[PDB]
Structure formats: C-alpha cells, structure tokens
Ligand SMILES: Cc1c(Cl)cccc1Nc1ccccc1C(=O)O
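As structure tokens, one chain now follows by itself in the form deposited without the named molecule.
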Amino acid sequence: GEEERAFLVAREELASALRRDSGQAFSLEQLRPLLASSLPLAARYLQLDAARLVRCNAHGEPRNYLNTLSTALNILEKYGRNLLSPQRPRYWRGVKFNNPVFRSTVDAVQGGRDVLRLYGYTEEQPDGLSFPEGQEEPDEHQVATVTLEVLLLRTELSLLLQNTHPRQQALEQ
C-alpha cells in the first residue's frame, strides 16, 4: 500500500524532469527508489511489458542476449527523448522497418516495435510504423512515461550484467 505510493511519486518526479529537459541524465541515486522498490517487476512497469521483454529474448547465453536487449532499450530511449526534444528531428513521425539502426538493434528483439506504438507510432504500414496523420504532436506525458521505463529497465539489465542488482536473485526468476 504505502510501498506503491512511494513508487509512483518518484516515477512522476523523474518523468516530469525528463519532460523539462529531454537530454537530462539520471544517476543511480535518483533511480534507486524505482529499482530498489519491493514491488514486483510486473507492478513497477505500467506501460512497458517488461516481463515479456526479458523472458521472450533469453536466447543463447545471458552475456549475449542481455547485451542485445540493453542495446535495443538504449536506442528506444533515444526514440523517446527525440520526441520530447524542443527541436524534434525531421521524419520523427514515422520509423521504417528497413532503417539500418532500427533493423539491426530494435527490430531484432521481440517487443521492440510494441514500444514504438507506446510512443505514438500506432499506425502500421508494410514498411514501418508512423503517427496518426491527425495527431499534431506527441503526447508529452505518455512519451516521457515510456522513456523512463525504458531507461529504468535498461538500468536493471546493466546492474545484472555488472552483477550488482538490489535483488539479483529475484529477476533470476
């Protein structure tokens, strides 16, 4: 009960900050409240389907697929911060499947494209995803919430790769 409250206050504190300054770096001190929360993993990620993203990409050795996952998350985090930047890049409205970086990093993982739809790339074509032509601009609140969980999850996988997670034997599940 009171654990959920502390979790959601820190959540909005970092998301708001990331909405002020899209390029704002966050330290492990600022993120420790979300990583160290007693809440289960399924309850600490509200937009991103973290349970699936980890399990559905455990192929080969952990040293391999955990780096493959961390990379996809790092790129996805950039997709999110780009939509929040005061000067959004041109072509921000659509991501085409044959883009080299997306193909070899994000598309290479199950659930990568689902994260783009969370950002607002909901309209699907045979060549990629794109925003609805009707929507003028990103939902700044939704983008910031998704980016934080991508940033957060990548951080959990980094701690495990360093073998220093608050509850490492937990996510071993």
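Only residues modelled in both forms are compared. Throughout, rigid core stands for the largest set of C-alpha atoms superposing within 1.5 Å between the two forms. The numbering used is simple: start at 1 and walk along the sequence shown.
The following text describes the form solved in complex with the named molecule, which does not appear among the structures shown.
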property: Clash check, the named molecule transplanted in the entry with it bound by site C-alpha superposition, 2.4 Å backbone/C-beta; result: open
property: Proximity of residue 34 to the named molecule in the entry with it bound, heavy atoms at 4.5 Å; result: no
property: Residue 156, heavy atom within 4.5 angstroms of the named molecule in the entry with it bound; result: yes
property: In the entry with it bound, residue 109 touching the named molecule (heavy atom, 4.5 Å); result: no
property: Distance check, residue 118 to the named molecule in the entry with it bound, heavy atom within 4.5 Å; result: no
property: 4.5 Å heavy atom contact with the named molecule in the entry with it bound for all of 10, 18 and 141; result: no
property: Residue stretch of 119 to 127, 44 to 52, 22 to 30, 132 to 140 approaching the named molecule in the entry with it bound, non-hydrogen atom distance within 4.5 Å; result: 44 to 52
property: Members of 157 to 171 lying within 4.5 angstroms of the named molecule, judged by heavy atom, in the entry with it bound; result: 157, 160, 171
property: Moved runs of 3+ residues, each with a C-alpha displacement of 2 angstroms or more between the shown form and the other one on the rigid core; result: 168 to 173
